């Protein structure tokens, strides 16, 4: 084996070490070719054809870039080629656990199909990685290139999912900075974002990307509270605030697009309807369901966006209901968007409260004459938590900086030191309401319920409120 070059449209020509190639050329990794990065987003942004596979290559490459840069700049860190490869592998493999349509699977389907279990794509990535290593005899190949499987497989898993006092076993405290590259638990500034910003923008057809190359050139390792951490140059602080602003922009415009979400919702509904009747064969010929394939990696290996088409193309009558929903997607007969609002002030909505919300909307009594009367089951309520990655916290408060005059001395920089034009809050909730009845009269009624409900709950006035519900909006004194 020798090193391979591959042309990526985002990064150009990148080199891949033979070990990485061996990892890539497996059913477990190749599976990522058949999972869309943005799931239902493609049905809104026709440029967004990209899959997890190419994103993974980018993440692995950037992980390598960062660790190489640090090693060249600071030999004293004692970064070894062994270290570099482990970081690249973690980067490559951090997306291994994603399921059909990416966040839809993790975010919508599994929570509804298997409420008892707690599952995340991160956990899946670690399990898949284990399966990949074992199924394809990788450990011998790792030792051939100087890796120590016991320590290094631990290290790689830890980089992806965190710890399985210094809580890490894969590397010691002096190599702490290595854990900040692939998946940064401290502040979320990592190479995964850097790739998806550039990649998604290229495919979506939008600007606003983050300059990671610049950032890498000004990154350094310094001691902070007896730990070696990656620090940014002071002047980059504005760029970091911009980075998270960009993330928020991308989520508003693309990843949480009202219609993209509704399509994901419909797909999830179809999957629930099909869950009983689809069988996926796993280890030992044993059969699993869409919802239980996460228990067996051999079965999960076979679980991709394909299932969408399996259902769509099915002829079995048991799958009729599921198939019908997907057909409605093709005809673009989607559930209709009614509107969006937000909680005012201190109110926050708990996940346990989510199931009640359609009931609440149907319970509203708008003082308007209606031809039709709608029920809880006719409404969909989608609650979206928008933040800078750290719930209420400002991630920049958890970044360490250094200045030109003392490169080894780490410092903190507060928001007030940067700008008054920055956000005063770093978390919020969006509530979108849709109606399953698409007819004109139903839709009119749904708007009356929706706006009334917003008023009843003292939520923010929807932007089109005066148009969609002119009779309702005047009642609320606050609104005008």
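Numbering follows the first chain given and starts at 1.
Unmodelled stretch separating residue 312 from residue 313: none (count of deposited-sequence residues without coordinates). Relative to its counterpart among 450-458 and 41-49, 450-458 has the higher mean temperature factor, C-alpha atoms as listed in the PDB entry. The stretch with the higher mean CA B factor, choosing between 366-374 and 324-332, is 366-374.
Compared with the other modelled residues of the chain, the Cα B-factor recorded for residue 466 ranks in the highest third. In the deposited entry, the Cα temperature factor of residue 197 sits in the bottom third of values across the chain's modelled residues. Placement of the Cα temperature factor of residue 434 within the chain: middle third of the modelled residues, per the deposited record. In this PDB entry, the Cα temperature factor of residue 424 sits in the top third of its chain's modelled residues, the highest group. When the CA B factors of the chain's modelled residues are split into thirds, the value for residue 120 lands in the middle one.
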